[PDB]
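S.K.: Can you read through this structure? Questions will come right after.
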Amino acid sequence: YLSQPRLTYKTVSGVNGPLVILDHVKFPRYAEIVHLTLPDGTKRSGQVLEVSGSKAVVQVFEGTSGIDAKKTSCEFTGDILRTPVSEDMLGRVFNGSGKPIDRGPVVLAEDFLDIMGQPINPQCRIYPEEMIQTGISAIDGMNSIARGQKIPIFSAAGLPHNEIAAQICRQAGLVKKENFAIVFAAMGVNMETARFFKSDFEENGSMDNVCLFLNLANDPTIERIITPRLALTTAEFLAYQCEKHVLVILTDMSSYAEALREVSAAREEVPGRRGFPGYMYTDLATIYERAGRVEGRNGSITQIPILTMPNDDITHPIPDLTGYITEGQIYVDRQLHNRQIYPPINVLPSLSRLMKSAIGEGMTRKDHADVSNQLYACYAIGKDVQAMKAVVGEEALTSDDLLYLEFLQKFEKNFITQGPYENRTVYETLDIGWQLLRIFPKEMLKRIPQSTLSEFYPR
Amino acid sequence: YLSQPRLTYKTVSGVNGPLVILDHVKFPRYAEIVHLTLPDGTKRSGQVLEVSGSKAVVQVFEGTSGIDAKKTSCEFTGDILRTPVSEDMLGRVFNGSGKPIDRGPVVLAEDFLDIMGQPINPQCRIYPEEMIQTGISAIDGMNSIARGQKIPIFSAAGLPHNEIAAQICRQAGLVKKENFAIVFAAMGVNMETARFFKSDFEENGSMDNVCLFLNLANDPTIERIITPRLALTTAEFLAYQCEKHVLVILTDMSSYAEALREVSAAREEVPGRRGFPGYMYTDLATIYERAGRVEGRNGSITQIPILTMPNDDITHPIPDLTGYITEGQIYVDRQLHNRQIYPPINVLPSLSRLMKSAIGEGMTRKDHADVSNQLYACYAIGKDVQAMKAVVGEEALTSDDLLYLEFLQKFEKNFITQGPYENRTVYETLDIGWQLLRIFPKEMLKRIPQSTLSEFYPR
Amino acid sequence: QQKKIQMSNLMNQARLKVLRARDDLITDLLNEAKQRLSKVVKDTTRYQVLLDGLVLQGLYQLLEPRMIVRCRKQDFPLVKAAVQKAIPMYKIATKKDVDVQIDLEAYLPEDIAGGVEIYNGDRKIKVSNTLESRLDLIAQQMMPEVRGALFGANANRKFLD
Amino acid sequence: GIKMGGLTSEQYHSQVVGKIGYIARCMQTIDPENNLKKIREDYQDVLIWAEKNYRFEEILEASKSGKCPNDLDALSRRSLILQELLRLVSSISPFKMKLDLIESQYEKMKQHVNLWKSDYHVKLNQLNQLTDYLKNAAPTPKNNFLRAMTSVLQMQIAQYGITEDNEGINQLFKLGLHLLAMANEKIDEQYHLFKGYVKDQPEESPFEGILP
Amino acid sequence: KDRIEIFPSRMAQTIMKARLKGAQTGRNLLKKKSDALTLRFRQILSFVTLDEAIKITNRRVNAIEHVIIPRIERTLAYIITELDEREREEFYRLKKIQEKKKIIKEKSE
Amino acid sequence: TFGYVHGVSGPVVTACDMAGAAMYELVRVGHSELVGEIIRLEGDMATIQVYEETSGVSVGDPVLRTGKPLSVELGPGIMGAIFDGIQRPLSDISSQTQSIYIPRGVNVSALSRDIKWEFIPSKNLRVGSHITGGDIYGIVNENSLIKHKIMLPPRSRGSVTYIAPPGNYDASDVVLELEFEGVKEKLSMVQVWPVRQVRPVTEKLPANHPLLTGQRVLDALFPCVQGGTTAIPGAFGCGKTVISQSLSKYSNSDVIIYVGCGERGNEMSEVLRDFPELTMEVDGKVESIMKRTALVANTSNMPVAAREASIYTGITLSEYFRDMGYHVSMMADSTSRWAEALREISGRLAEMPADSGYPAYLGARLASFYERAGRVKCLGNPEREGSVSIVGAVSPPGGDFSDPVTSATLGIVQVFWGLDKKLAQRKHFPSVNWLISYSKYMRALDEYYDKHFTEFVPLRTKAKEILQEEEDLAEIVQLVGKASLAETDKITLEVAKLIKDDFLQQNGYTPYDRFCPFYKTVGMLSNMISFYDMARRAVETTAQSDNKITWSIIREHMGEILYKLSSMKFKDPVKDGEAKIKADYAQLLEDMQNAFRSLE
């Protein structure tokens with residue numbers, strides 16, 4: 001606590017777009033939170049971005065319209081933005097500023113954390129082990145998410161990245177061969193989609209384990225920047241202090257990146273590559289890397305950042321800088337979507353670098369690794385045979401080629417195509433895999449050891 | 001001379017990158033040298049690149065790390081970097097700052113010359129009309145070297161351009177059927193490269209006629225843009241005051257360009273291409289054009305500004321601007337090196353802008369020019385035939401095309417391939433030319449007049 | 001199908017109902033604290049001590065060459081003493097001669113439990129040093145300890161770092 | 001920036017003063033009785049500066065002025081030879097070497113083109129590996145075998161030296177190093193290896209009079 | 001000749017990437033056609049028509065690989081380089097604008 | 001020594017009353033003592049770049065000026081510790097706080113001052129003797145492997161006035177006192193050296209002694225030399241673990257340094273978890289690798305100054321031991337991660353960008369980095385020698401070689417151990433591409449190889465010729481099926497396979513193949529090439545008419561010889577000694593020549 005009376009200033013040097021420049025401010029802090037009172041009694045929030053002597057420069061969260069240089073007062077809190085956190089806030093819905101928008105009370109805090117936090121000391125970081133099943137076969141039997149990795153979903157604009165994200169929140173959980181929570185943050189979301197998330201989470205009973213942050217497209221752009229920090233700040237409290245596993249989903253990081261560029265312009269910084277700040281790399285790492293396991297504690301944080309690829313070009317700095325510091329990718333395609341496949345996830349370009357540790361005896365099932373590798377080869381071959389068929393015709397194909405075409409057609413129809421309300425656990429996903437693999441005789445399943453085939457292949 | 005005591009200042013205004021800005025300076029002189037001492041006794045030097053009123057901007061050669069603001073002591077020499085030069089610098093080894101590094105004494109000057117030099121009056125400049133016999137058929141035949149000519153070797157990282165330059169140093173003579181003083185500026189290179197040349201010069205038994213200037217990869221980057229001027233300034237003394245024929249070799253000029261680019265960025269100068277200063281051409285001309293014979297004096301300076309082409313890009317500003325200034329290039333590539341061809345000299349993209357006058361009746365042999373031009377035609381066509389045959393197949397070729405493939409194959413192994421110690425005369429090179437030209441019937445040798453074919457072709 | 005949705009809405013609203021009830025308990029407790037502080041300012045000697053402190057802390061935070069103290073009219077006799085004491089203590093601590101006046105024309109609304117507001121010479125900077133503002137400021141900063149004391153510690157929280 | 005080799009002007013002359021003091025220290029350390037007259041003479045130009053108090057600074061000025069033998073490369077080679085001779089006699093310290101053999105080994109080193117890369121240098125490096133290991137070694141069959149074998153090795157070097165190649169010493173080097181690298185867990189192999197040495201040694205009592 | 005000669009732009013970059021993907025797909029599909037013809041050809045070894053079909057298909061595949069795609073890749077790399085050059089001159093001007101604004105502000109104080 | 005904060009514009013803090021400050025000095029800003037550096041100076045004001053978050057810094061906060069620029073603290077206790085890129089012990093921060101986070105403004109001394117180290121003086125020095133820079137005046141006994149030699153700091157000299165007696169001292173005590181021109185300097189066991197400064201040596205020597213890694217491939221065909229510089233691609237599927245473990249476990253170097261630059265959190269964990277579990281036999285005892293290793297850990301979310309400085313902190317630690325006479329092998333996990341950190345700083349400083357957005361000086365910084373490696377003659381009278389090798393990895397975005405960072409690196413390093421993913425997919429390890437990989441030290445090592453092994457050089461030449469021809473024949477085989485093919489080409493194809501299978505391929509998870517001594521590597525290749533030559537001669541000398549030898553005859557006739565050749569990799573150096581393995585290889589050579597002899 002400070003127990004120091006706050007100072008309120010009526011001295012304003014000028015106002016320039018989103019910024020208000022104050023004067024005669026006593027020992028101002030950088031990143032200090034202040035509150036403005038306009039002549040009409042309207043209150044606004046803001047944050048100090050520059051303090052050059054007594055000339056404090058504050059960015060106003062809301063619009064600066066209506067602010068004068070004679071009557072507007074600025075109350076200083078004497079501190080920076082610290083988020084009230086508790087276990088009870090799980091099951092609540094908040095806006096970007098951390099305020100409730102679910103008609104519930106303000107959070108009754110157990111502590112206050114600096115939302116910027118600190119990096120996790122690498123000496124106490126534990127390599128990812130067990131798996132967190134998502135319920136979506138395309139990313140459980142092919143590229144599973146290890147309990148501690150960070151694997152993004154890259155999508156083009158217009159693809160159902162928000163519907164999949166909502167499905168993961170409803171279905172995700174532990175393998176279960178009470179301590180699992182999901183923190184969901186949507187940045188720059190439009191009103192129709194924001195309603196979708198809120199209503200879909202409430203109706204299906206999942207809300208008890210979801211902490212939802214909604215930053216709407218028409219909300220202040222600076223609030224969009226702290227939104228993912230508040231989500232992770234909660235995740236760190238829940239995960240590391242309350243000994244539980246937290247799945248954090250950061251939706252539309254591309255909208256975050258645009259908000260970050262806006263803040264950079266407010267500081268009159270010269271834009272870097274493709275208009276983005278030269279520090280975009282470390283800013284994404286600052287958010288992304290606040291995850292993983294820690295020594296001596298039973299909690300964990302995983303992340304599934306979701307990013308829209310501008311112009312569907314994976315080379316763009318946003319997916320490029322993200323992927324360069326994440327472990328593999330899910331990758332949602334367009335061809336599968338136009339073919340009316342849901343989920344439209346393309347297994348050939350996807351990768352989960354930690355899958356080798358996520359799956360196996362004692363974590364999922366003995367045959368997990370073998371089924372995945374054989375299915376991947378079979379799908380890749382089926383696509384190759386399909387390309388051949390288009391040139392040589394059906395009569396030019398042999399029996400083995402026909403089996404690969406049968407697999408290809410049934411793989412997409414049975415294994416990848418799921419529906420938004422069918423929850424397929426890791427064991428059902430593997431059983432579906434075997435149903436497709438039993439299309440082939442044993443001798444064609446070259447990537448599955450004979451011991452595995454004898455145990456699982458028949459029946 | 002300068003009899004007035006020099007002033008010492010402790011008036012440093014501030015430091016911004018590599019530039020130390022002084023105030024309260026009495027009558028600042030542009031392009032004067034300042035000596036500065038750091039609080040710990042370290043001595044460094046720099047040059048005034050700007051004066052305004054009582055202020056002066058000093059660029060420090062060694063660097064600005066550790067430069068203080070209150071204890072830094074600077075003195076103004078009162079003149080430009082004029083450097084001591086003497087005949088007995090041959091056989092000495094210097095660093096990029098002009099100081100000895102061979103455990104010998106400092107230079108006992110015969111005079112002091114302005115490192116910036118002076119342009120040679122074009123009315124007294126005498127056009128080069130003498131040929132140097134390099135012993136390399138790839139050069140002596142198709143791209144002759146004149147005494148006073150500027151011919152860099154365009155190369156790429158990993159190629160033996162250092163071996164070619166070393167070879168040229170030993171077996172470079174005259175075709176008048178001679179000991180050149182060599183000045184070798186080793187800048188931006190590792191120890192092994194500098195030791196390679198130093199050892200070769202001793203192995204050749206010519207070290208008493210070699211002056212070295214070293215500025216290694218671990219030396220300051222600002223000294224790397226005076227080293228060439230130090231080498232050439234010495235060359236000018238030897239060539240134009242002592243009538244000694246001098247060969248000046250500048251190692252990877254790209255380290256000069258990169259050192260210059262760093263200075264350009266530091267001073268926020270107008271860029272041209274790839275971030276290089278818009279005046280890069282003018283600066284390079286200042287270095288390159290210190291070459292050629294002068295009427296009425298028996299000396300000469302010949303330059304070989306070897307440079308590495310970044311990413312083998314022949315249009316990169318470095319080879320581009322050099323190509324505009326120098327009289328052509330020798331140019332080596334990877335396509336020859338990857339086949340263990342030495343020297344890996346590719347004649348097609350090469351040229352010598354003085355060749356037309358240094359060959360022929362009274363110089364070498366009257367058929368020289370005719371043989372070269374036809375060899376260029378046959379070599380380029382053979383490359384064109386390979387470009388076609390790669391797609392259409394050998395069966396699509398006729399006898400008119402196979403002849404050029406036979407020529408091309410025999411040309412590269414007989415004419416270009418020689419070995420590090422194969423020293424051929426210019427007359428032997430032409431005879432080889434004819435042996436390759438005799439692959440074709442007279443009617444196809446369309447670059448050679450019948451007044452030449454009738455005499456030489458029958459043999 | 002609709003039965004599942006009904007169950008979700010009932011459980012989610014039930015959670016909010018109990019959370020709101022807990023927030024009412026905090027609100028009622030804070031309101032009771034305000035009534036208890038009102039009883040304190042009804043004193044004389046204890047209240048004068050509060051005023052001595054409040055004036056000193058206000059002056060030390062504002063650090064201006066001229067200051068105006070605004071208070072409730074009925075508290076003027078006590079504030080006058082507080083300023084007369086605050087001045088020589090301020091000067092010794094800060095080594096700055098500050099002219100501190102009391103506003104005899106404008107007064108704080110009589111419904112405020114007590115305390116003072118401090119303005120600089122031009123009335124452009126004010127210190128919110130009333131009792132009600134200080135109580136709200138501290139009650140929020142200390143709130144995490146109020147939660148535990150009243151409702152119990154979080155049984156699932158094992159690390160406080 | 002005279003940058004003579006890797007050193008600046010002050011560092012160059014400082015390293016020269018150091019090497020000269022070092023040779024003086026090595027000479028008194030190796031031959032405190034001044035018995036090795038021929039070897040001392042080879043260093044007279046640097047020993048003449050010894051036994052004087054120059055507070056570093058006066059001998060440093062002598063180096064800058066050119067009164068000292070300030071060639072850095074000549075001192076490097078000459079210093080290495082002396083300290084390698086010290087290693088020869090130091091690593092066998094339990095035994096006394098004859099003065100005539102010390103001078104003989106010295107002359108053979110002085111004549112060597114590149115002593116650092118010689119078999120002489122390597123043999124001393126292997127010896128120091130074996131003698132340093134034993135400085136802090138627990139009692140155990142392996143370490144008792146190595147200690148007994150090392151004492152014989154030191155006894156032989158004291159008599160034959162290192163440059164005068166001898167099959168007996170070379171074979172003992174191989175057996176000692178092979179045991180040293182042998183797994184500590186394996187007992188039967190190190191027992192058979194030691195027993196092989198004892199029975200193959202030309203004499204009947206290889207350690208009698210060598211160790212207590 | 002060496003490049004398709006499309007003026008550097010983000011639009012051209014997008015077109016070239018789509019054009020490259022098309023060329024790569026054509027190369028692979030024609031290569032599969034050739035492989036299918038080669039297997040049938042070897043199995044028989046209406047014969048000379050297969051030898052001509054293989055040479056014609058392989059010639060087209062070789063041109064895509066040795067002429068058309070290299071040219072698309074050179075064009076794409078050219079566009080990418082020129083686009084970064086335009087980005088740089090924009091950076092330069094913006095830097096000087098920010099410095100001039102700072103200088104103007106100091107003069108006003 | 002204090003100034004005050006004048007203002008904050010983000011990560012950049014402007015100080016006032018800071019006249020006595022040098023550029024690239026160090027400051028501790030604010031009451032949390034935030035780490036930063038001074039870049040621009042003007043008057044008595046300074047512009048400070050703060051590495052950590054500046055939230056909460058007030059105008060008027062103190063700034064503490066630290067005289068030393070970014071420097072590495074060097075002394076006992078350096079070994080076995082994991083450091084931040086700016087030399088902050090992570091194993092102490094996590095253990096002195098009981099936290100999982102690195103505290104903001106954390107201030108833990110690089111080397112703990114609560115350890116009483118065992119220090120033994122050289123016993124050769126006396127009070128009144130002359131000592132110069134680089135001289136060793138005593139040794140600290142850290143562990144059974146590496147002796148930590150205490151050197152006089154460079155740029156210091158004088159007369160010795162006090163020598164501490166043998167005993168237990170911590171890093172805060174005084175061990176040696178020396179006086180130069182009346183100025184007395186008190187030295188402890190710890191020296192400080194600016195990280196951007198190159199530690200001086202007496203002379204830089206050529207690198208001639210091989211780096212004896214345990215792999216048959218990446219040795220026989222593509223040698224590295226102590227003091228040399230190489231590059232290794234870093235891709236998920238490349239199998240880089242094989243080199244890291246083989247180099248750190250069995251190398252003939254003395255000290256291993258592993259440097260992270262700014263990798264994924266989980267990747268840093270994998271390195272930190274694997275390394276402590278690695279062991280090697282030394283004197284017959286199994287010792288932990290961490291007793292002769294030091295590690296610098298930097299994740300992508302570490303302060304950019306540390307990620308950029310990490311690479312220089314590592315090599316400064318490397319040179320420190322280089323000056324002791326040790327051979328040091330440093331691996332930079334990803335120099336691409338470093339280059340990214342460098343570009344970020346250039347961006348923050350609003351510098352004009354150059355090639356692909358990187359700073360104009362990228363090449364100059366990389367060139368001066370690698371130039372610091374090499375075999376040197378050390379400073380100090382002990383006339384000792386040592387070396388630093390660099391085996392830094394490159395991982396450009398997209399896997400392309402056009403990125404200036406990989407292109408510049410390849411123009412600097414003399415060896416490239418190009419790895420591939422296709423080989424890993426085929427389960428062929430180590431995953432060496434062969435056609436892309438090269439080594440430019442082959443000439444430098446010719447003196448060593450001639451002196452000690454003689455036949456190695458023609459064997460590696462023939463081996464590369466066989467492998468290259470196998471590739472050259474690929475088109476002929478595809479269009480022919482080995483039918484219309486010369487018998488001499490069949491020898492090349494089938495023998496090249498033998499080489500690829502039972503020589504270049506190595507299985508590091510088997511106890512017999514953990515490490516292949518060089519004498520075994522050359523033994524295996526000698527017999528395979530001798531077979532090649534015998535098979536070529538058997539066919540060529542009989543290929544005229546009437547009665548000729550073919551591969552079908554050779555393969556069927558002496559199948560036991562081809563089996564014995566394949567079996568050669570199973571000769572376990574731990575159980576079968578040098579004489580036994582050579583003897584068995586000699587027997588195969590004789591049996592092999594006689595097998596062909598029976599055909600003529």
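All residue names refer to the structure tokens as shown: chains lettered A, B, ... in order, residues numbered from 1 in each chain, ligands numbered from 1 in order.
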Starting from chain E, keep only residues with some atom at most 9 Å from an atom of chain A, counting only C-alpha atoms, and report them as a ChimeraX atom specification.
M.R.: /E:14,29-30,32-33,36,84,87,91,94-95,98
S.K.: Pull N, CA, C and O atoms from the residues just selected and write them as an mmCIF file, in the first residue's frame.
M.R.:
data_model
loop_
_atom_site.group_PDB
_atom_site.id
_atom_site.type_symbol
_atom_site.label_atom_id
_atom_site.label_comp_id
_atom_site.auth_asym_id
_atom_site.auth_seq_id
_atom_site.Cartn_x
_atom_site.Cartn_y
_atom_site.Cartn_z
ATOM 1 N N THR E 14 2.549 -10.635 -55.338
ATOM 2 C CA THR E 14 1.472 -11.608 -55.187
ATOM 3 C C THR E 14 1.250 -12.396 -56.467
ATOM 4 O O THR E 14 1.045 -13.613 -56.421
ATOM 5 N N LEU E 29 2.905 -32.220 -62.402
ATOM 6 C CA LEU E 29 1.889 -32.985 -63.115
ATOM 7 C C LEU E 29 2.416 -33.546 -64.427
ATOM 8 O O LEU E 29 2.129 -34.700 -64.772
ATOM 9 N N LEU E 30 3.190 -32.752 -65.168
ATOM 10 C CA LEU E 30 3.801 -33.266 -66.387
ATOM 11 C C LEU E 30 4.872 -34.302 -66.088
ATOM 12 O O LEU E 30 5.012 -35.273 -66.835
ATOM 13 N N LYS E 32 4.752 -36.451 -63.629
ATOM 14 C CA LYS E 32 3.967 -37.658 -63.420
ATOM 15 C C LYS E 32 3.440 -38.237 -64.724
ATOM 16 O O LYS E 32 3.455 -39.463 -64.899
ATOM 17 N N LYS E 33 2.987 -37.388 -65.650
ATOM 18 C CA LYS E 33 2.613 -37.894 -66.968
ATOM 19 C C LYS E 33 3.782 -38.605 -67.634
ATOM 20 O O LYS E 33 3.617 -39.693 -68.197
ATOM 21 N N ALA E 36 4.429 -41.982 -65.946
ATOM 22 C CA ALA E 36 3.439 -42.974 -66.355
ATOM 23 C C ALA E 36 3.716 -43.473 -67.770
ATOM 24 O O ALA E 36 3.614 -44.678 -68.047
ATOM 25 N N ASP E 84 12.071 -3.469 -50.988
ATOM 26 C CA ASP E 84 12.830 -3.037 -49.824
ATOM 27 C C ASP E 84 13.561 -1.727 -50.072
ATOM 28 O O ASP E 84 13.719 -0.921 -49.151
ATOM 29 N N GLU E 87 11.076 0.908 -49.492
ATOM 30 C CA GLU E 87 10.841 1.050 -48.059
ATOM 31 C C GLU E 87 11.930 1.894 -47.412
ATOM 32 O O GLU E 87 11.655 2.710 -46.526
ATOM 33 N N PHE E 91 11.751 5.346 -45.109
ATOM 34 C CA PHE E 91 12.360 5.475 -43.791
ATOM 35 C C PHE E 91 13.256 6.701 -43.716
ATOM 36 O O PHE E 91 13.171 7.485 -42.766
ATOM 37 N N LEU E 94 11.235 9.894 -43.453
ATOM 38 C CA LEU E 94 10.561 10.001 -42.166
ATOM 39 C C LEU E 94 11.536 10.341 -41.049
ATOM 40 O O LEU E 94 11.193 11.105 -40.142
ATOM 41 N N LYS E 95 12.751 9.793 -41.094
ATOM 42 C CA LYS E 95 13.725 10.099 -40.052
ATOM 43 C C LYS E 95 14.062 11.583 -40.040
ATOM 44 O O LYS E 95 14.169 12.196 -38.969
ATOM 45 N N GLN E 98 11.228 13.642 -38.631
ATOM 46 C CA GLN E 98 11.250 13.625 -37.175
ATOM 47 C C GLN E 98 12.367 14.501 -36.627
ATOM 48 O O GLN E 98 12.181 15.196 -35.621
#
S.K.: Would you kindly return, as a list in words, each protein, DNA or RNA residue with an atom no farther than 6 Å from any atom of range 62-67 of chain F, considering only C-alpha atoms and excluding same-chain residues fewer than 5 positions away?
M.R.: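 My list of contacting residues is residues 1, 2, 3, 4, 26, 27, 28, 29 and 30 of chain F.
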S.K.: At a cut-off of 12 Å, using only C-alpha atoms, what residues contact residue 100 in chain D? Leave out same-chain residues fewer than 6 positions from it and give the result as a ChimeraX atom specification.
M.R.: /D:35-39,106-107,158-161
S.K.: With all C-alpha atoms matched in order and chain A superposed on chain B by least squares, what's the RMSD to one decimal?
M.R.: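 Result: 2.6 Å C-alpha RMSD.
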S.K.: May I ask which of the residues D:91, D:71, D:27, D:167 is the closest one to chain B, counting only C-alpha atoms?
M.R.: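 Using only C-alpha atoms, the shortest distance to chain B belongs to D:71.
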S.K.: As a PyMOL selection string, please: the residues near range 12-16 of chain D (cut-off 10 Å, only C-alpha atoms, same-chain neighbours under 2 positions excluded).
M.R.: (chain D and resi 2-10+18-22+56-57+59-64+68-73+75-76) or (chain F and resi 130-135+155-158+202+379-381)
S.K.: For the residues in that selection, give me C-alpha atoms as a PDB file, in the first residue's frame.
M.R.:
ATOM      1  CA  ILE D   2      52.540   0.096 -32.925  1.00  0.00           C
ATOM      2  CA  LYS D   3      50.769  -3.235 -32.304  1.00  0.00           C
ATOM      3  CA  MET D   4      53.926  -5.326 -32.451  1.00  0.00           C
ATOM      4  CA  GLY D   5      52.309  -8.696 -33.007  1.00  0.00           C
ATOM      5  CA  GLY D   6      49.425  -8.922 -30.582  1.00  0.00           C
ATOM      6  CA  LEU D   7      50.910  -6.399 -28.147  1.00  0.00           C
ATOM      7  CA  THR D   8      51.000  -2.603 -27.994  1.00  0.00           C
ATOM      8  CA  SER D   9      54.123  -0.607 -27.136  1.00  0.00           C
ATOM      9  CA  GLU D  10      53.715  -0.774 -23.356  1.00  0.00           C
ATOM     10  CA  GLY D  18      58.273 -10.495 -17.194  1.00  0.00           C
ATOM     11  CA  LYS D  19      60.063 -13.146 -19.231  1.00  0.00           C
ATOM     12  CA  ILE D  20      63.463 -11.952 -17.996  1.00  0.00           C
ATOM     13  CA  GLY D  21      62.400 -12.063 -14.360  1.00  0.00           C
ATOM     14  CA  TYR D  22      60.867 -15.466 -15.001  1.00  0.00           C
ATOM     15  CA  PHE D  56      60.226  -3.090 -12.552  1.00  0.00           C
ATOM     16  CA  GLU D  57      60.452   0.479 -13.824  1.00  0.00           C
ATOM     17  CA  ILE D  59      64.561  -2.585 -16.173  1.00  0.00           C
ATOM     18  CA  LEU D  60      61.443  -1.558 -18.112  1.00  0.00           C
ATOM     19  CA  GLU D  61      63.252   1.581 -19.249  1.00  0.00           C
ATOM     20  CA  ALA D  62      66.298  -0.541 -20.128  1.00  0.00           C
ATOM     21  CA  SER D  63      64.013  -2.577 -22.386  1.00  0.00           C
ATOM     22  CA  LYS D  64      62.546   0.516 -24.043  1.00  0.00           C
ATOM     23  CA  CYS D  68      68.044  -5.437 -22.492  1.00  0.00           C
ATOM     24  CA  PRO D  69      67.774  -8.333 -24.956  1.00  0.00           C
ATOM     25  CA  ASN D  70      64.290  -7.128 -25.847  1.00  0.00           C
ATOM     26  CA  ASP D  71      63.588  -9.405 -28.828  1.00  0.00           C
ATOM     27  CA  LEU D  72      60.309 -11.029 -27.833  1.00  0.00           C
ATOM     28  CA  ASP D  73      60.591 -14.110 -30.029  1.00  0.00           C
ATOM     29  CA  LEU D  75      63.073 -14.785 -25.310  1.00  0.00           C
ATOM     30  CA  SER D  76      59.972 -16.902 -25.932  1.00  0.00           C
TER      31      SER D  76
ATOM     32  CA  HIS F 130      58.658  -8.890 -11.344  1.00  0.00           C
ATOM     33  CA  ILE F 131      55.267 -10.018 -12.722  1.00  0.00           C
ATOM     34  CA  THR F 132      53.615  -9.048 -15.988  1.00  0.00           C
ATOM     35  CA  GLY F 133      50.179  -9.406 -17.545  1.00  0.00           C
ATOM     36  CA  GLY F 134      49.026 -12.958 -18.159  1.00  0.00           C
ATOM     37  CA  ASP F 135      51.382 -14.409 -15.542  1.00  0.00           C
ATOM     38  CA  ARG F 155      47.072  -4.285 -18.826  1.00  0.00           C
ATOM     39  CA  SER F 156      48.646  -4.589 -15.379  1.00  0.00           C
ATOM     40  CA  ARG F 157      52.221  -5.176 -14.228  1.00  0.00           C
ATOM     41  CA  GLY F 158      54.705  -4.286 -11.533  1.00  0.00           C
ATOM     42  CA  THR F 202      51.355 -12.901 -27.475  1.00  0.00           C
ATOM     43  CA  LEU F 379      50.424 -13.983 -22.489  1.00  0.00           C
ATOM     44  CA  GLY F 380      52.628 -14.404 -19.465  1.00  0.00           C
ATOM     45  CA  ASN F 381      55.990 -15.959 -18.811  1.00  0.00           C
TER      46      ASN F 381
END
S.K.: When you draw a straight line from CA of residue 40 in chain A to CA of residue 65 in chain A, how long is it in Å?
M.R.: 11.6 Å
S.K.: For range 35-39 of chain B, list every protein, DNA or RNA residue within 10 Å, evaluated using only C-alpha atoms, and leave out those in the same chain fewer than 3 positions away; present the list as a list in words.
M.R.: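 Once the nearby chain positions are removed, what remains is residues 8, 9, 10, 42, 43, 44, 45, 46, 47, 58, 60, 64, 65, 66, 67, 68, 69, 70, 71, 72, 73, 74, 75, 76 and 77 of chain B; 22 of chain F.
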S.K.: Output the contact residues of chain A with respect to chain C at a cut-off of 6 Å, based on only C-alpha atoms, as a ChimeraX atom specification.
M.R.: /A:1,3,5-10,104-105,109-111,203,205,241-242
S.K.: To test your reading of the structure, identify every residue in range 141-170 of chain D that backbone DSSP assigns to alpha helix (DSSP H), and report it as a PyMOL selection string.
M.R.: chain D and resi 141-160+167-170
S.K.: Neighbouring residues of residue 411 in chain B were defined as those with any atom within 12 Å, considering only C-alpha atoms; residues of the same chain fewer than 5 positions away were excluded. Please report them as a ChimeraX atom specification.
M.R.: /B:137-138,341,346-347,375-376,378-380,382-383,403-406,416-418,429,432-439
